[PDB]
Amino acid sequence: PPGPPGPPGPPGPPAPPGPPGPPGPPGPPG
Amino acid sequence: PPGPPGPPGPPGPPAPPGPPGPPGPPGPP
Amino acid sequence: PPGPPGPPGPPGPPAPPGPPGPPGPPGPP
């Protein structure tokens, strides 16, 4: 007593919004 | 009773990618 | 009788970084 332990908990939440990516490639010719 | 609470559930799901990165440098002159 | 469900599991994996940015602006004339 109490009794047997309950089931595991639910899946956690997502991690916050991710960082932006790296810079794009160079621009076009002049 | 009730028995004690169960343990923590599993880690959360994968998240979406972050936002696009900054434009790159000016092209060639 | 078995106790209550366990608490929520921890945060998921870090959301990846975003896709690369766009090409830059044209170069000097």
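Residue numbers start from 1 in every chain, and the chains themselves are labelled A, B, ... in the order their sequence lines are given, proteins ahead of strands. These values consider heavy atoms only, across backbone and side chains, with no hydrogens, waters or symmetry-generated copies.
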Chain A/chain B interface donor-acceptor pairs under 3.5 Å:
residue  : atom : partner  : partner atom : Å
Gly6(A)  : N    : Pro4(B)  : O            : 2.9
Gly9(A)  : N    : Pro7(B)  : O            : 3.0
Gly12(A) : N    : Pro10(B) : O            : 2.9
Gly21(A) : N    : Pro19(B) : O            : 2.9
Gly24(A) : N    : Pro22(B) : O            : 2.8
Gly27(A) : N    : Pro25(B) : O            : 2.8
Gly30(A) : N    : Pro28(B) : O            : 2.5

Legend entry - Contact origin within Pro17(A) toward chain B - heavy atom pairs under 4.5 Å: neither

Distance-only check: which donor-acceptor pairs of chain B and chain A lie under 3.5 Å?
residue  : atom : partner  : partner atom : Å
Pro4(B)  : O    : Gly6(A)  : N            : 2.9
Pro7(B)  : O    : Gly9(A)  : N            : 3.0
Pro10(B) : O    : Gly12(A) : N            : 2.9
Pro19(B) : O    : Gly21(A) : N            : 2.9
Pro22(B) : O    : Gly24(A) : N            : 2.8
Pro25(B) : O    : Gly27(A) : N            : 2.8
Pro28(B) : O    : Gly30(A) : N            : 2.5

Inset, instruction - Could you pull out the closest heavy-atom pair between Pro4(B) and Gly3(A), with the gap in Å? - result: CD-O, 3.6 Å

Inset, instruction - Tell me, for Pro5(B) versus chain A, whether the close heavy atoms (under 4.5 Å) come from the side chain, the backbone, both or neither. - result: backbone

Legend entry - Heavy-atom pair of closest approach, residues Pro28(B) and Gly27(A): CD-O, 3.2 Å

Inset, instruction - Please report the shortest heavy-atom distance between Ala15(A) and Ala15(B), naming the atom on each side. - result: O-CB, 4.0 Å

